[PDB]
Amino acid sequence: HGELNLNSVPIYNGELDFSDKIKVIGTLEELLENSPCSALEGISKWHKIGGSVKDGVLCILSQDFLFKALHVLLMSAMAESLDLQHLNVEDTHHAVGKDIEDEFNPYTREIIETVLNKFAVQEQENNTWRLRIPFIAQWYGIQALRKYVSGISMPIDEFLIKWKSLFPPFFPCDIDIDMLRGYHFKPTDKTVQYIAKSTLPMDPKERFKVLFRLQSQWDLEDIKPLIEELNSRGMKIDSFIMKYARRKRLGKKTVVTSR
């Protein structure tokens with residue numbers, strides 16, 4: 001089957017008393033034993049979907065709670081001047097809990113560890129993590145697209161500001177709309193709009209037709225992640241595009257338009 005069996009794995013959205021509002025899995029070892037995948041596949045996928053444990057219950061963080069956890073992690077790590085290139089769970093967990101004392105702190109050690117396993121890579125020195133900064137930047141940008149430019153467009157300079165304002169002050173990343181290839185289109189060359197690739201036509205002629213209505217000229221790198229799902233012959237993407245559209249290679253940039 002190749003995937004984890006999430007049948008009994010509940011979604012955690014920051015609730016106060018998770019174990020009572022929830023036939024539970026308590027351990028990742030248990031989940032792997034009951035899953036039709038290898039241990040390495042199961043562990044890797046656990047990290048990508050944001051699997052965690054809360055109140056002894058194996059769970060999966062909701063996308064809203066994962067966003068909030070990453071955001072407070074980044075604010076707190078900058079506020080304590082942690083080394084974003086050498087983070088350990090202990091300092092990071094302490095940094096986020098420092099100013100959460102009078103109420104409910106859902107950001108336990110395991111939640112912190114889930115965020116780091118999703119947005120960071122562990123170094124083969126200590127039990128230490130290095131943030132994947134461009135990946136975090138892209139993930140923020142995707143949230144900004146969905147919130148601000150779902151069904152309407154926005155000038156590029158205004159969008160970049162709203163995108164940048166999600167980061168902690170002094171966060172060491174330069175952002176660039178090219179990070180969001182596969183998640184947006186440019187209705188004009190100075191505006192941007194969100195697009196969800198999952199909702200595009202499964203017929204390639206119809207998909208290219210729809211994409212040229214959104215944007216009459218595409219850089220090949222911009223349209224590629226929106227069409228590659230249909231390239232089942234595995235050919236070079238330029239040859240695939242040439243079957244359904246016109247290409248013109250400029251200097252090094254290829255521009256693609258309808259035929």
# chains A, B, ... in the order shown; residues from 1 in each chain; ligands from 1
>>> select_by_dssp(residues="region 68-153 of chain A", states="strand (DSSP E)", output="list in words")
residues 120, 121, 122, 129, 130 and 131 of chain A
>>> write_last_selection(atoms="N, CA, C and O atoms", output="PDB file, in the first residue's frame")
ATOM      1  N   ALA A 120      12.636  21.605   9.047  1.00  0.00           N
ATOM      2  CA  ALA A 120      14.073  21.697   9.310  1.00  0.00           C
ATOM      3  C   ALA A 120      14.697  20.331   9.088  1.00  0.00           C
ATOM      4  O   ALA A 120      13.992  19.332   8.973  1.00  0.00           O
ATOM      5  N   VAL A 121      16.017  20.284   8.992  1.00  0.00           N
ATOM      6  CA  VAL A 121      16.712  19.012   8.773  1.00  0.00           C
ATOM      7  C   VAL A 121      17.684  18.773   9.917  1.00  0.00           C
ATOM      8  O   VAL A 121      18.383  19.693  10.357  1.00  0.00           O
ATOM      9  N   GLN A 122      17.760  17.546  10.399  1.00  0.00           N
ATOM     10  CA  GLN A 122      18.661  17.319  11.524  1.00  0.00           C
ATOM     11  C   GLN A 122      20.095  17.059  11.075  1.00  0.00           C
ATOM     12  O   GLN A 122      20.315  16.334  10.093  1.00  0.00           O
ATOM     13  N   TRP A 129      19.100  20.918  14.782  1.00  0.00           N
ATOM     14  CA  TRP A 129      18.360  21.142  13.538  1.00  0.00           C
ATOM     15  C   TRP A 129      18.764  22.446  12.851  1.00  0.00           C
ATOM     16  O   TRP A 129      19.015  23.464  13.501  1.00  0.00           O
ATOM     17  N   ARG A 130      18.733  22.428  11.512  1.00  0.00           N
ATOM     18  CA  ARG A 130      18.997  23.608  10.691  1.00  0.00           C
ATOM     19  C   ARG A 130      17.717  23.948   9.939  1.00  0.00           C
ATOM     20  O   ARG A 130      17.162  23.097   9.234  1.00  0.00           O
ATOM     21  N   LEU A 131      17.187  25.160  10.162  1.00  0.00           N
ATOM     22  CA  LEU A 131      15.958  25.539   9.472  1.00  0.00           C
ATOM     23  C   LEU A 131      16.161  25.496   7.964  1.00  0.00           C
ATOM     24  O   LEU A 131      17.211  25.871   7.454  1.00  0.00           O
TER      25      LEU A 131
END
>>> residues_around(residues="residue 247 (chain A)", least_positions_apart="4", cutoff="8 Å", atoms="only C-alpha atoms", output="PyMOL selection string")
chain A and resi 238+241-242+254-257
>>> write_last_selection(atoms="C-alpha atoms", output="PDB file, in the first residue's frame")
ATOM      1  CA  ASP A 238       9.886  21.054 -23.257  1.00  0.00           C
ATOM      2  CA  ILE A 241       4.766  21.273 -23.816  1.00  0.00           C
ATOM      3  CA  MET A 242       5.512  21.291 -27.571  1.00  0.00           C
ATOM      4  CA  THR A 254      11.393  29.798 -22.718  1.00  0.00           C
ATOM      5  CA  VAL A 255       8.055  31.530 -23.236  1.00  0.00           C
ATOM      6  CA  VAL A 256       5.029  29.361 -23.852  1.00  0.00           C
ATOM      7  CA  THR A 257       1.768  30.429 -25.529  1.00  0.00           C
TER       8      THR A 257
END
>>> select_by_dssp(residues="region 41-78 of chain A", states="alpha helix (DSSP H)", output="PyMOL selection string")
chain A and resi 41-49+63-78
>>> write_last_selection(atoms="N, CA and C atoms", output="PDB file, in the first residue's frame")
ATOM      1  N   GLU A  41       9.490   4.317   5.122  1.00  0.00           N
ATOM      2  CA  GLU A  41       8.423   5.064   4.465  1.00  0.00           C
ATOM      3  C   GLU A  41       7.481   5.693   5.494  1.00  0.00           C
ATOM      4  N   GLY A  42       7.091   4.922   6.507  1.00  0.00           N
ATOM      5  CA  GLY A  42       6.140   5.411   7.497  1.00  0.00           C
ATOM      6  C   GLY A  42       6.678   6.578   8.299  1.00  0.00           C
ATOM      7  N   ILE A  43       7.958   6.511   8.691  1.00  0.00           N
ATOM      8  CA  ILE A  43       8.580   7.580   9.467  1.00  0.00           C
ATOM      9  C   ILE A  43       8.708   8.847   8.614  1.00  0.00           C
ATOM     10  N   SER A  44       9.184   8.695   7.365  1.00  0.00           N
ATOM     11  CA  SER A  44       9.343   9.853   6.483  1.00  0.00           C
ATOM     12  C   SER A  44       8.013  10.552   6.259  1.00  0.00           C
ATOM     13  N   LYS A  45       6.954   9.775   6.030  1.00  0.00           N
ATOM     14  CA  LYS A  45       5.632  10.362   5.810  1.00  0.00           C
ATOM     15  C   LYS A  45       5.054  11.003   7.070  1.00  0.00           C
ATOM     16  N   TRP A  46       5.345  10.419   8.233  1.00  0.00           N
ATOM     17  CA  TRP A  46       4.942  11.005   9.501  1.00  0.00           C
ATOM     18  C   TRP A  46       5.508  12.415   9.627  1.00  0.00           C
ATOM     19  N   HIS A  47       6.773  12.583   9.263  1.00  0.00           N
ATOM     20  CA  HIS A  47       7.374  13.900   9.340  1.00  0.00           C
ATOM     21  C   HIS A  47       6.736  14.866   8.349  1.00  0.00           C
ATOM     22  N   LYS A  48       6.338  14.389   7.148  1.00  0.00           N
ATOM     23  CA  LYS A  48       5.823  15.324   6.139  1.00  0.00           C
ATOM     24  C   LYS A  48       4.401  15.768   6.415  1.00  0.00           C
ATOM     25  N   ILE A  49       3.589  14.928   7.069  1.00  0.00           N
ATOM     26  CA  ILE A  49       2.210  15.302   7.317  1.00  0.00           C
ATOM     27  C   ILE A  49       2.052  15.995   8.667  1.00  0.00           C
ATOM     28  N   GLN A  63      -3.687  22.022   9.623  1.00  0.00           N
ATOM     29  CA  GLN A  63      -2.831  22.969   8.901  1.00  0.00           C
ATOM     30  C   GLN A  63      -2.828  24.335   9.571  1.00  0.00           C
ATOM     31  N   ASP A  64      -3.960  24.719  10.162  1.00  0.00           N
ATOM     32  CA  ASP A  64      -4.037  25.959  10.930  1.00  0.00           C
ATOM     33  C   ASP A  64      -3.169  25.900  12.187  1.00  0.00           C
ATOM     34  N   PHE A  65      -3.199  24.783  12.922  1.00  0.00           N
ATOM     35  CA  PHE A  65      -2.384  24.715  14.136  1.00  0.00           C
ATOM     36  C   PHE A  65      -0.903  24.577  13.812  1.00  0.00           C
ATOM     37  N   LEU A  66      -0.570  23.847  12.746  1.00  0.00           N
ATOM     38  CA  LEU A  66       0.817  23.773  12.301  1.00  0.00           C
ATOM     39  C   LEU A  66       1.342  25.152  11.914  1.00  0.00           C
ATOM     40  N   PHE A  67       0.506  25.963  11.261  1.00  0.00           N
ATOM     41  CA  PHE A  67       0.936  27.310  10.916  1.00  0.00           C
ATOM     42  C   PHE A  67       1.190  28.117  12.176  1.00  0.00           C
ATOM     43  N   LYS A  68       0.268  28.050  13.148  1.00  0.00           N
ATOM     44  CA  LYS A  68       0.464  28.793  14.386  1.00  0.00           C
ATOM     45  C   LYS A  68       1.697  28.317  15.128  1.00  0.00           C
ATOM     46  N   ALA A  69       1.943  27.002  15.152  1.00  0.00           N
ATOM     47  CA  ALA A  69       3.112  26.500  15.867  1.00  0.00           C
ATOM     48  C   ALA A  69       4.408  26.948  15.201  1.00  0.00           C
ATOM     49  N   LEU A  70       4.489  26.842  13.877  1.00  0.00           N
ATOM     50  CA  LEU A  70       5.691  27.333  13.197  1.00  0.00           C
ATOM     51  C   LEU A  70       5.908  28.826  13.471  1.00  0.00           C
ATOM     52  N   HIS A  71       4.833  29.614  13.430  1.00  0.00           N
ATOM     53  CA  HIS A  71       4.934  31.059  13.606  1.00  0.00           C
ATOM     54  C   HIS A  71       5.462  31.402  15.000  1.00  0.00           C
ATOM     55  N   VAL A  72       4.907  30.765  16.050  1.00  0.00           N
ATOM     56  CA  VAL A  72       5.402  31.113  17.380  1.00  0.00           C
ATOM     57  C   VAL A  72       6.819  30.581  17.534  1.00  0.00           C
ATOM     58  N   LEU A  73       7.129  29.429  16.925  1.00  0.00           N
ATOM     59  CA  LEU A  73       8.488  28.906  17.015  1.00  0.00           C
ATOM     60  C   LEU A  73       9.485  29.906  16.452  1.00  0.00           C
ATOM     61  N   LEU A  74       9.167  30.481  15.281  1.00  0.00           N
ATOM     62  CA  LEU A  74      10.064  31.420  14.611  1.00  0.00           C
ATOM     63  C   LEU A  74      10.173  32.737  15.376  1.00  0.00           C
ATOM     64  N   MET A  75       9.042  33.277  15.858  1.00  0.00           N
ATOM     65  CA  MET A  75       9.079  34.477  16.694  1.00  0.00           C
ATOM     66  C   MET A  75       9.951  34.239  17.926  1.00  0.00           C
ATOM     67  N   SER A  76       9.703  33.134  18.634  1.00  0.00           N
ATOM     68  CA  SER A  76      10.392  32.896  19.890  1.00  0.00           C
ATOM     69  C   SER A  76      11.861  32.626  19.652  1.00  0.00           C
ATOM     70  N   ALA A  77      12.194  31.887  18.604  1.00  0.00           N
ATOM     71  CA  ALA A  77      13.605  31.613  18.369  1.00  0.00           C
ATOM     72  C   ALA A  77      14.363  32.889  18.039  1.00  0.00           C
ATOM     73  N   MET A  78      13.755  33.789  17.262  1.00  0.00           N
ATOM     74  CA  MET A  78      14.439  35.049  16.988  1.00  0.00           C
ATOM     75  C   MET A  78      14.549  35.885  18.261  1.00  0.00           C
TER      76      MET A  78
END
>>> residues_around(residues="region 191-198 of chain A", least_positions_apart="2", cutoff="7 Å", atoms="only C-alpha atoms", output="PyMOL selection string")
chain A and resi 145-146+149-150+152-156+183-189+200+226
>>> write_last_selection(atoms="N, CA, C and O atoms", output="PDB file, in the first residue's frame")
ATOM      1  N   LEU A 145      -0.863  33.690  -0.223  1.00  0.00           N
ATOM      2  CA  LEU A 145      -1.641  33.600  -1.458  1.00  0.00           C
ATOM      3  C   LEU A 145      -3.074  33.176  -1.164  1.00  0.00           C
ATOM      4  O   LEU A 145      -4.026  33.816  -1.625  1.00  0.00           O
ATOM      5  N   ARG A 146      -3.259  32.121  -0.359  1.00  0.00           N
ATOM      6  CA  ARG A 146      -4.611  31.620  -0.133  1.00  0.00           C
ATOM      7  C   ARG A 146      -5.455  32.645   0.603  1.00  0.00           C
ATOM      8  O   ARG A 146      -6.659  32.764   0.350  1.00  0.00           O
ATOM      9  N   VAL A 149      -5.375  36.381  -1.929  1.00  0.00           N
ATOM     10  CA  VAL A 149      -5.447  36.497  -3.382  1.00  0.00           C
ATOM     11  C   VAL A 149      -6.096  35.244  -3.972  1.00  0.00           C
ATOM     12  O   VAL A 149      -5.742  34.756  -5.055  1.00  0.00           O
ATOM     13  N   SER A 150      -7.057  34.722  -3.221  1.00  0.00           N
ATOM     14  CA  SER A 150      -7.926  33.608  -3.601  1.00  0.00           C
ATOM     15  C   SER A 150      -9.154  34.181  -4.304  1.00  0.00           C
ATOM     16  O   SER A 150     -10.058  34.723  -3.661  1.00  0.00           O
ATOM     17  N   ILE A 152      -9.217  36.790  -6.332  1.00  0.00           N
ATOM     18  CA  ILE A 152      -8.936  38.148  -6.797  1.00  0.00           C
ATOM     19  C   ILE A 152      -7.423  38.253  -6.969  1.00  0.00           C
ATOM     20  O   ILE A 152      -6.678  37.396  -6.497  1.00  0.00           O
ATOM     21  N   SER A 153      -6.967  39.314  -7.638  1.00  0.00           N
ATOM     22  CA  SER A 153      -5.542  39.528  -7.844  1.00  0.00           C
ATOM     23  C   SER A 153      -5.067  40.715  -7.019  1.00  0.00           C
ATOM     24  O   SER A 153      -5.861  41.420  -6.405  1.00  0.00           O
ATOM     25  N   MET A 154      -3.749  40.924  -7.006  1.00  0.00           N
ATOM     26  CA  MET A 154      -3.186  41.964  -6.180  1.00  0.00           C
ATOM     27  C   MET A 154      -1.889  42.381  -6.853  1.00  0.00           C
ATOM     28  O   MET A 154      -1.236  41.536  -7.475  1.00  0.00           O
ATOM     29  N   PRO A 155      -1.512  43.664  -6.789  1.00  0.00           N
ATOM     30  CA  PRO A 155      -0.207  44.077  -7.320  1.00  0.00           C
ATOM     31  C   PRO A 155       0.924  43.352  -6.605  1.00  0.00           C
ATOM     32  O   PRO A 155       0.844  43.034  -5.413  1.00  0.00           O
ATOM     33  N   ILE A 156       1.990  43.092  -7.358  1.00  0.00           N
ATOM     34  CA  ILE A 156       3.073  42.260  -6.854  1.00  0.00           C
ATOM     35  C   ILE A 156       3.754  42.925  -5.659  1.00  0.00           C
ATOM     36  O   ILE A 156       4.135  42.251  -4.695  1.00  0.00           O
ATOM     37  N   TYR A 183       1.953  27.707  -7.393  1.00  0.00           N
ATOM     38  CA  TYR A 183       0.891  28.124  -6.502  1.00  0.00           C
ATOM     39  C   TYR A 183       0.259  29.442  -6.920  1.00  0.00           C
ATOM     40  O   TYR A 183      -0.666  29.899  -6.248  1.00  0.00           O
ATOM     41  N   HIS A 184       0.718  30.063  -8.014  1.00  0.00           N
ATOM     42  CA  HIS A 184       0.142  31.328  -8.433  1.00  0.00           C
ATOM     43  C   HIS A 184       0.201  31.460  -9.946  1.00  0.00           C
ATOM     44  O   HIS A 184       0.891  30.717 -10.646  1.00  0.00           O
ATOM     45  N   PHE A 185      -0.545  32.432 -10.437  1.00  0.00           N
ATOM     46  CA  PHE A 185      -0.375  32.941 -11.781  1.00  0.00           C
ATOM     47  C   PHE A 185      -0.360  34.458 -11.720  1.00  0.00           C
ATOM     48  O   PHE A 185      -0.773  35.066 -10.723  1.00  0.00           O
ATOM     49  N   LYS A 186       0.049  35.056 -12.838  1.00  0.00           N
ATOM     50  CA  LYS A 186       0.202  36.501 -12.971  1.00  0.00           C
ATOM     51  C   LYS A 186      -0.841  36.990 -13.968  1.00  0.00           C
ATOM     52  O   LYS A 186      -0.567  37.059 -15.173  1.00  0.00           O
ATOM     53  N   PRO A 187      -2.033  37.374 -13.518  1.00  0.00           N
ATOM     54  CA  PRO A 187      -3.071  37.822 -14.479  1.00  0.00           C
ATOM     55  C   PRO A 187      -2.593  38.954 -15.381  1.00  0.00           C
ATOM     56  O   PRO A 187      -2.930  39.002 -16.570  1.00  0.00           O
ATOM     57  N   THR A 188      -1.812  39.871 -14.827  1.00  0.00           N
ATOM     58  CA  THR A 188      -0.989  40.806 -15.573  1.00  0.00           C
ATOM     59  C   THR A 188       0.447  40.617 -15.112  1.00  0.00           C
ATOM     60  O   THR A 188       0.706  39.911 -14.141  1.00  0.00           O
ATOM     61  N   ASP A 189       1.405  41.230 -15.813  1.00  0.00           N
ATOM     62  CA  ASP A 189       2.789  40.977 -15.413  1.00  0.00           C
ATOM     63  C   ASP A 189       3.159  41.613 -14.070  1.00  0.00           C
ATOM     64  O   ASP A 189       4.248  41.337 -13.566  1.00  0.00           O
ATOM     65  N   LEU A 200      -7.335  21.679 -11.538  1.00  0.00           N
ATOM     66  CA  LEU A 200      -7.220  21.860 -12.985  1.00  0.00           C
ATOM     67  C   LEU A 200      -7.729  20.624 -13.734  1.00  0.00           C
ATOM     68  O   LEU A 200      -7.811  19.517 -13.167  1.00  0.00           O
ATOM     69  N   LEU A 226       2.451  23.312 -12.903  1.00  0.00           N
ATOM     70  CA  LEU A 226       1.001  23.243 -13.122  1.00  0.00           C
ATOM     71  C   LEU A 226       0.609  22.207 -14.190  1.00  0.00           C
ATOM     72  O   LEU A 226      -0.581  21.863 -14.314  1.00  0.00           O
TER      73      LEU A 226
END
>>> residues_around(residues="residue 30 (chain A)", least_positions_apart="6", cutoff="12 Å", atoms="only C-alpha atoms", output="list in words")
residues 4, 5, 6, 8, 9, 24, 39, 42, 43, 57 and 58 of chain A
>>> write_last_selection(atoms="N, CA and C atoms", output="PDB file, in the first residue's frame")
ATOM      1  N   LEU A   4       0.786   5.331   5.234  1.00  0.00           N
ATOM      2  CA  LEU A   4       0.359   5.081   6.604  1.00  0.00           C
ATOM      3  C   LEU A   4      -1.137   4.849   6.628  1.00  0.00           C
ATOM      4  N   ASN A   5      -1.597   4.045   7.591  1.00  0.00           N
ATOM      5  CA  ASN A   5      -3.033   3.883   7.830  1.00  0.00           C
ATOM      6  C   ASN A   5      -3.442   4.836   8.960  1.00  0.00           C
ATOM      7  N   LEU A   6      -4.048   5.965   8.587  1.00  0.00           N
ATOM      8  CA  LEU A   6      -4.437   6.998   9.528  1.00  0.00           C
ATOM      9  C   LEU A   6      -5.853   6.796  10.101  1.00  0.00           C
ATOM     10  N   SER A   8      -7.253   5.493  12.772  1.00  0.00           N
ATOM     11  CA  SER A   8      -7.563   5.867  14.148  1.00  0.00           C
ATOM     12  C   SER A   8      -6.773   7.082  14.638  1.00  0.00           C
ATOM     13  N   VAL A   9      -6.180   7.863  13.733  1.00  0.00           N
ATOM     14  CA  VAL A   9      -5.275   8.964  14.072  1.00  0.00           C
ATOM     15  C   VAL A   9      -6.049  10.274  14.003  1.00  0.00           C
ATOM     16  N   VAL A  24      -7.438   4.612  20.437  1.00  0.00           N
ATOM     17  CA  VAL A  24      -6.354   5.542  20.163  1.00  0.00           C
ATOM     18  C   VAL A  24      -5.054   4.778  20.008  1.00  0.00           C
ATOM     19  N   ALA A  39       9.055   0.618   7.510  1.00  0.00           N
ATOM     20  CA  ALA A  39       9.285   1.553   8.618  1.00  0.00           C
ATOM     21  C   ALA A  39       9.834   2.890   8.117  1.00  0.00           C
ATOM     22  N   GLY A  42       7.091   4.922   6.507  1.00  0.00           N
ATOM     23  CA  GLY A  42       6.140   5.411   7.497  1.00  0.00           C
ATOM     24  C   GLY A  42       6.678   6.578   8.299  1.00  0.00           C
ATOM     25  N   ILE A  43       7.958   6.511   8.691  1.00  0.00           N
ATOM     26  CA  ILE A  43       8.580   7.580   9.467  1.00  0.00           C
ATOM     27  C   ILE A  43       8.708   8.847   8.614  1.00  0.00           C
ATOM     28  N   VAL A  57      -1.938  10.631  22.935  1.00  0.00           N
ATOM     29  CA  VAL A  57      -2.669  10.203  21.749  1.00  0.00           C
ATOM     30  C   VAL A  57      -1.861  10.563  20.507  1.00  0.00           C
ATOM     31  N   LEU A  58      -1.569   9.572  19.664  1.00  0.00           N
ATOM     32  CA  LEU A  58      -0.948   9.878  18.384  1.00  0.00           C
ATOM     33  C   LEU A  58      -1.917  10.680  17.528  1.00  0.00           C
TER      34      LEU A  58
END
>>> residues_around(residues="residue 87 (chain A)", least_positions_apart="2", cutoff="9 Å", atoms="only C-alpha atoms", output="JSON, numbers by chain")
{"A": [77, 82, 83, 84, 85, 89, 90, 91, 92, 116, 127, 128, 129, 130, 131]}
>>> residues_around(residues="residue 56 (chain A)", least_positions_apart="5", cutoff="10 Å", atoms="only C-alpha atoms", output="list in words")
residues 18, 19, 24, 25, 26 and 27 of chain A
>>> atom_distance(atom1="CA of residue 214 (chain A)", atom2="CA of residue 163 (chain A)")
22.2 Å
